[PDB]
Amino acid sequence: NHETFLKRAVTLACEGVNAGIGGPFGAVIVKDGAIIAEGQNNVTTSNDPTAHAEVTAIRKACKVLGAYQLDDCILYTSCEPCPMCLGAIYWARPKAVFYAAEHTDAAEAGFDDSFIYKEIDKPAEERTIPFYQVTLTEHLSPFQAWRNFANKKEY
């Protein structure tokens, strides 16, 4: 069944492109043998650069589950997750990920997937989008608030 679900993700990626929804990426999230949510890249039609197929599928699955974690779920994606989506997977915590195409296939199609992976390893200020650290005396204050917030929900 892993192949079946991955084939569905690839079909969704093609359909997304051909219907003008977005980019060539699709994803499916499964739990207990049932698809709980699907996603297609929809960045340009939703004015949301975070609306990658995997992110969209994660958001929709979490809404169906009424949860912020993907306990016992498997994510199937048409292409290896980019850094944003790999991060989203680690915050959502499904049990496994299956993918077909690789980041190099996305890069060959003109996308920044590979470039972003490489930017992570560059020194912060030399990144194409520079990242500057600034010292603030109260930079740990949010963490102190968190420690003292009795009704917190960990994530």
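Residue numbers run from 1 along the displayed sequence.
Mean CA temperature factor is higher for 104-112 when stretches 84-92 and 104-112 are set side by side in the entry. On average the C-alpha atoms of 129-137 have higher B-factors than those of the other stretch, with 142-150 and 129-137 being the two compared. Based on the entry's C-alpha B-factors, the most elevated value among 40, 69, 46, 50 belongs to 46. Among the modelled residues of its chain, residue 20 has a C-alpha B-factor that falls in the highest third, as given in the PDB entry. Per-chain ranking of the deposited C-alpha B factor places residue 57 in the lowest third. For residue 28, the recorded CA B-factor ranks within the middle third of the chain. Only modelled residues enter the ranking.
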